[PDB]
Structure formats: C-alpha cells, structure tokens
C-alpha cells in the first residue's frame, strides 16, 4: 500500500519484507538473495557490489532498501537514485539480537506495516527464547574462542559483536570479552586464554579448520584441542540479522552443548 516498487539489496532486508507481507511489492533483489524459495523469480537482480545505475532507474523503484554495511560500496551509485527522488534507506547493521528486532520495527514503520513488524518481533522472540531455554540448567561454565579471520593474522570477536551477544544469550563466556569489535590476537594470547571450544566463523569445512589448528604451534596444549571441541560455522549465515536468527543461534548452541 505505501511503497509499490521496492528494491531490496541485502538478503536480511528481503526476508523481513516478505515476513511483513509485502514480498509482492518487491521488484528487485540482490544477486545473492536465497530466501525464501524462488525469491529471485519474477524480480530484477542487482549486484550490490557492482550496481547498474541505469538498470536501477529503469526498474522505477519507489523504495530502495539497503544496508548500513553497503554505504561505502553501493552508496556511490545509490546517491544518484536519491537525487532523482527515489527513497533510499540504509538499514542499520545489527550486532545483537535486540538490534535485529530494532530493524524489524524500523522497516515496519517505514513501510506502514507496523502491526506485522510487531508480530514478526514477537514470533522471533518466541523461537529465540526456545533455543535459549534449551540450554541445560546445569552446565560447566565454558569459554569460547570465536575465530573470525585467520590469514595472515588471526582475528577474534569480542564485545559489541553479534557472535558475542549470541554467546551471552547461550550463557557461555567469550574468551576475549575484554576486547571490543573484531581484533587481531596473537597465537600466544589465545593459548594463554586457554578456551574450551574453538569456533571458526569463516565457513570452512570442519576438517580444514582442524588441519589449520594442528599446524599452529602450541595449540596442542589448549583445552579445546585436547577435548576435540573444534567447530566451524558460516558466520555470515548464522549471524544474518533476519527472521531466522533462531536457527543461527541454534547452530551455535549445538556446537557449545554437545
């Protein structure tokens, strides 16, 4: 009713729009949109990293719903669309579960689907709370190292990150709760922190991350390596700030609580 020709440039945006009941108002999505089934059919596809400005104009959108993470790449092109009077919105980059709920409401208010956004927030809370509640009442206080990059320097995720908020919701401890955002850490530093679980978020196969760990000097000692608590996750998938965050949280849960 409010916007009739929406272009959505990041999959989380697209998922939220569909859950608000306005998927039929979307004329374009990005080349990497994968949800729901057949989302790309009957739509224009845009490469958010290499946006075709003329093709965007040609699609005649009244709303382009982008993401804060894209200001520095897509922004270069979208500035033109905005000048032509197309409404261009950058949904904030959520780095927690509560901030994800925030964007549900923001997009709801933007598209006059406030009732639907409330329902979407409530249902998502329900699913999340179910995973949180599935954590065994008695458990050993476990320290988790999140490896978010590995070459040539290893990076972890400390406080103010999506991975950290997930840990806290799952009542686990972040080995590096003393740092903020994404920071490089030395091998010596990780060994000293002695995490009970290592989780790589780079989307590598488990066997590949296991082989890297084996080639790291000194890692032999670590709690996690001795107890074979070495896991991998696709960080971009599990931390996707959309309506299916409960599934991502569940993945992390099953790596922490075997």
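Positions refer to the first chain, counted from 1.
Per-stretch averaging of Cα B factors for 214-222 and 34-42 places 214-222 on top. Legend: mean Cα B-factor per stretch from the PDB entry, 82-90 versus 145-153; the higher mean is in 82-90.
You'll see in the entry that, of 128, 185, 172, 107, the Cα B factor peaks at 172.
Annotation for residue 164: C-alpha temperature factor in the middle third relative to the rest of the modelled chain, per the entry. Residue 133 sits in the highest third of its chain by CA B factor, as recorded in the PDB entry. For residue 116, the recorded CA temperature factor ranks within the middle third of the chain's modelled residues. Per the PDB record, residue ranking by Cα B-factor puts residue 1 in the highest third of the chain. Among the modelled residues of its chain, residue 232 has a C-alpha B-factor that falls in the middle third according to the deposited record.
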